Amino acid sequence: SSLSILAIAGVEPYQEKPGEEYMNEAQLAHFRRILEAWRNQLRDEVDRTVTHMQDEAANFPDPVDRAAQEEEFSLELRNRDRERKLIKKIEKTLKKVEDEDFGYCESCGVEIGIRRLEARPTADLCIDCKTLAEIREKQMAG
Amino acid sequence: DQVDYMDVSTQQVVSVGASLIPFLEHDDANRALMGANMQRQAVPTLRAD
Ligand SMILES: Nc1nc2c(ncn2[C@@H]2O[C@H](COP(=O)(O)OP(=O)(O)O)[C@@H](OP(=O)(O)OP(=O)(O)O)[C@H]2O)c(=O)[nH]1
Ligand SMILES: [Zn+2]
């Protein structure tokens, strides 16, 4: 369905061949393409946002509609900030792919599933370590 | 088979002042706010209708 992250690029889910080794040239190229498309899309969305923000902004004479026009901007900027935070993660993942050290958990040497990487291409840890770390985080935070 | 309770009626969310405005469901929250605030300031006319 044209709404996921494989949709952004014109790629369809990969399919590891019977005797296919784990990290080959083709998979790494695939993931690089995916990340590059995702990024370029996000940045073009930022450009849209900025053009909108630059066109709309005006001085309203009523205080109960200046708030109206500055309560949608807060949400918009929130989404843009979040995606900007994800642009650094994508950049780092692009650095691991270029360095040919992509696809393995940082805590334990186990390799992360291919299907999980096609799910969330920025994955840094395996599902088990991810869950444990998320629990430890949420517990140390609250 | 999981719902323990249910709202008594739709109006229970809002006060009387806001409850008097018709078609709140189609009004932005800010303008409902200002509407209620001024509506409570109305002066009685000569002949109520
Ligand atoms: N649009 C988008 N943004 C993402 C995505 N993934 C992560 N982000 C944003 O980048 C931030 C970095 O997240 P991480 O610290 O790496 O945590 P994570 O491993 O679970 O992704 C996230 O923090 P955060 O705490 O979740 O942000 P927030 O909850 O404080 O708003 C989030 O704001 C994503 O897939 N899509
Ligand atoms: Zn792990």
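In chain A, numbers come from Swiss-Prot; the residues present are 10-151, in order.
Per deposition record, electron microscopy, 3.6 Å.
Backbone N, Cα and C atoms are what each Cβ position is placed from, and that goes for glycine too.
Feature annotations, reproduced from Swiss-Prot:
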- A:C114, A:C117, A:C135, A:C138: Zn(2+) binding site (BINDING)
- A:33-54: coiled coil (COILED)
- A:114-138: zinc finger (ZN_FING)
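Counting only residues at least six positions away in the same chain, the Cβ atoms of A:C135, A:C138 sit under 8 Å from the Cβ of A:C117 (Zn(2+) binding site). Long-range Cβ contacts of A:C114 (Zn(2+) binding site) within its own chain (separation 6+, distance under 8 Å): A:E120, A:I121, A:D133, A:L134, A:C135, A:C138. Of all the binding-site residues listed here (A:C135, A:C138), it is A:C138 whose C-beta has the fewest other C-beta atoms within 10 angstroms.
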